[PDB]
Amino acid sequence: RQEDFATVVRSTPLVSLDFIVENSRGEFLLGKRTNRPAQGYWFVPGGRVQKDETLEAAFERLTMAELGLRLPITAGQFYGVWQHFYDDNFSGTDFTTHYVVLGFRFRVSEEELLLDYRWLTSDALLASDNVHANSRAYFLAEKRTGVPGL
């Protein structure tokens, strides 16, 4: 419920999984964020881990939901623990959002997905101002340094 989720966001870091998904063309999958935080920006697919949900089950649920292809956690290469801080939140601009993010990287076949979404090369996404800094960071050497698990 929304009154409670507002309280959650105001009060504590959310836990999420982010997916660095590569196709056969060396491009990476991005999705447009329709709502706050970082509204209108393009982001790697992912989502938050639910109360009492295992990382294994979250991974399977989120790949299915976000990619249209259910993968197990063992299919993903762990890509470190990341931290995202936004000045706004899903409900507006009264409080900040804080994500603690488990990144995973894997390679897929474009054709085998139930998917707006776009495929961008490393170079194109890094030069794209419509892709959020928090997603471009995954592809920057300077940002990977000091990330637990990398």
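We number the residues from 1 along the sequence you see.
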Does the chain run continuously from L115 to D116, or are deposited residues unmodelled in between? Answer none, 1 to 3, 4 to 9, or 10 or more. 4 to 9
So which stretch wins on mean C-alpha B-factor, 106-114 or 93-101? 106-114
Out of 50-58 and 32-40, which stretch has the higher average CA B-factor listed in the record? 32-40
CA B-factor placement of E66, once the chain's modelled residues are sorted into thirds: highest
By the entry's values, the third containing the CA B factor of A137 is the middle
What third of the chain does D123 rank in for C-alpha temperature factor, lowest, middle or highest? highest
